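Chain and residue survey
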Amino acid sequence: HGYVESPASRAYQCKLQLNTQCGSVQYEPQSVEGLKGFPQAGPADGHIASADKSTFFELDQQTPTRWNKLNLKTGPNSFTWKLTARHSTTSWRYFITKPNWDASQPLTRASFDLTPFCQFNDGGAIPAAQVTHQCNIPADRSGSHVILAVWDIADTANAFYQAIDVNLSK
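Residues numbered from 1 in each chain as written, not as in the entry; some residues may be left out. Heavy atoms only, no water.

In the PDB archive, solution NMR is given as the structure determination method for this entry.

All right, on to the state of the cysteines then. Scanning the entire structure with this criterion turns up 2 disulfides. At a sulfur-sulfur separation of 2.0 Å, the disulfide partner of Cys14 is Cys22. Looking down the S-S bond of the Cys14 and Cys22 bridge, the torsion is 95°, so its handedness is right-handed. Accessibility classification places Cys14 together with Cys22 in one group, the buried group. Shown here is the disulfide that connects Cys118 with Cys135, its sulfur atoms set 2.0 Å apart. Looking along the S-S bond of the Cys118-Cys135 disulfide, the torsion reads about 80°, which is the right-handed sense. On the criterion of sequence distance, the pair formed by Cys118 in the loop between β5 (112-113) and β6 (130-137) and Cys135 in strand β6 is long-range, its members being 17 residues apart. Pair check on accessibility: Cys118 and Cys135 agree, each one buried. (Disulfide = S-S within 2.5 Å. Buried < 20%, exposed > 50% of the residue type's maximum accessible area, 1.4 Å probe, protein only. Helix = DSSP H or I, 4+ residues; strand = E, 2+ residues; numbered from the N terminus.)

This is the structure:
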């Protein structure tokens, strides 16, 4: 429960009315929550970013023209989280689809590069209610693709991937 302010996830974009059909998330974007266990005890394919919840189903299913594909660059980027919870985190991770992935298809576990490119495993970091970090997006992941950002809670078995759809460049 919280959202990433920038890069603007499809959850936050729905409230900004840049995305539609969330129904719920377009009025409360910080509603997003999910469960640890990815990939073995994780959601079904096409429900991976949704954490197997219907209100986040549009947050996993995209067509390449359905959302604002934010025009951003590879290399250093900022990642500013806005948390409605004072409790501790145990990890932050970011991972992407392959550069030539099927972008009108549901997110399968096979469509990803399952290795996170910027995992920050801080085990017990009590947040300042906001968590601004910076990280470097890989350069060979340019073009139109999705980037999933996950925040793992320390206190609970919760973790949720907040996807942002982008048109990246190098």
